[PDB]
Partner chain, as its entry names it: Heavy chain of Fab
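Below you'll find only one chain, the form solved without the partner chain, shown as structure tokens.
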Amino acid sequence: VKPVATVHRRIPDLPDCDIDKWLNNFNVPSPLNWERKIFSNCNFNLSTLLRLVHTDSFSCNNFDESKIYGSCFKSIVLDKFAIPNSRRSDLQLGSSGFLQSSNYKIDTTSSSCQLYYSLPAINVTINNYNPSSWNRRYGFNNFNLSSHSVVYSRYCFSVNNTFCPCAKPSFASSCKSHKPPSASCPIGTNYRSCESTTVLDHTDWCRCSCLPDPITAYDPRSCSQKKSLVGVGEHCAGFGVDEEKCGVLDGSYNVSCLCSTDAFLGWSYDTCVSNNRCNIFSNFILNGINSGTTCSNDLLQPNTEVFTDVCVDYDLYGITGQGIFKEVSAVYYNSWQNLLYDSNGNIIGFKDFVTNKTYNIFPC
């Protein structure tokens, strides 16, 4: 870990981070649409936080939880979502289950903490939201689910920007066996790939891509929906669509390509409620330990001396460097701010808010 600077001063009047207010928001997202908030340049209290959220468990990975208290970070990145009861074990670090394959991958290389907490069920409304623009482009609007149902994707699929799920009306019109539904595709997209053959006594046997469906496809290579595991920081690329439920039978070019709601596959849901509270997950990413101005107020930090006349590494109101400090009478401190810069933008002076002493800073 990068050590704390020998001369360190915090910015004195920063606002509270209010992490608990965000975690306790009653509009709780599902893992499908996990929410992120970045906290910076503010003071937080881990001890208070764990009491104000009804914490069940808190632990850290690649970091010592006990070292958070009294520390400063460049930023704290918080991700959160309600936990479907059946998926809880998916959140073990490194797990290949549904939550981390297809909704939210917990980064195991960063310094992070995982907080398990809960909210009273009667006040909670789950926000299930499909993040996939291509799903939405072709018909997906909302879920229609009980209160406290929490959606999760099982399988995600990506497509390129020329994707369209509907067979071409001109192609479908001559099919006699297994005619696909059809519609016009947007300009700049390619119609669903389809072929007509004879076979046995079927003169016009039509088959298109992604059969039986993109999850169980006989031939993934010819299906334009491509399996995709979520990476760190990503959301599900999209539910696979049953292309046989996109368009309409005998649809012409006057109907726009749209997939029925039940065409979107590979997802499920479970309640988050146990003991009449909704169980929630949050992940903390700790960026730049022992730097920055996102600082714990859990401790009465006893401010140390401003060591003078010696080369010193410093972290002053968020700005870092090394130099020699020499105390000066106030007359020689040529500015009104707590830091003093030269023509080239380098720090040449410092006022200590703790003592009101003023210092020149020289290079080592």
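Here, rigid core means the biggest group of C-alpha atoms that superpose within 1.5 Å across both forms. Residues that one form lacks are left out of the comparison. Positions refer to the first chain, counted from 1.
This next part talks about the form deposited with the partner chain bound, which is not shown.
The single contact residue among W205, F171, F143, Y116, judged by any heavy atom lying within 4.5 Å of the partner chain in the entry with it bound, is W205. A heavy atom within 4.5 Å of the partner chain in the entry with it bound is found for one listed residue only; from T197, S147, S252, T162, this is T197. Interface membership of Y129, defined by any non-hydrogen atom within 4.5 Å of the partner chain in the entry with it bound, is ruled out. Contact annotation for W134: none of its heavy atoms lies within 4.5 Å of the partner chain in the entry with it bound. Using a 4.5 angstroms limit between non-hydrogen atoms, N190 is distant from the partner chain in the entry with it bound.
Remark: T216 counts among the residues lining the partner chain in the entry with it bound, judged by a heavy atom distance of 4.5 Å or less. The candidate spot formed by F98, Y155 and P212 lies fully in contact with the partner chain in the entry with it bound, as each residue has a heavy atom within 4.5 Å of it. The stretch from 276 to 284, 116 to 124, 253 to 261, 216 to 224 that comes within 4.5 Å of the partner chain in the entry with it bound, counting heavy atoms only, is 216 to 224. In a core superposition between the shown form and the other one, the Cα of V199 is the only one among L229, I122, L93, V199 shifting by 2 Å or more.
Once the core is fitted, the segment that moves between the shown form and the other one, counting only runs of three or more residues with each CA displaced by at least 2 angstroms, is 197 to 201 alone.
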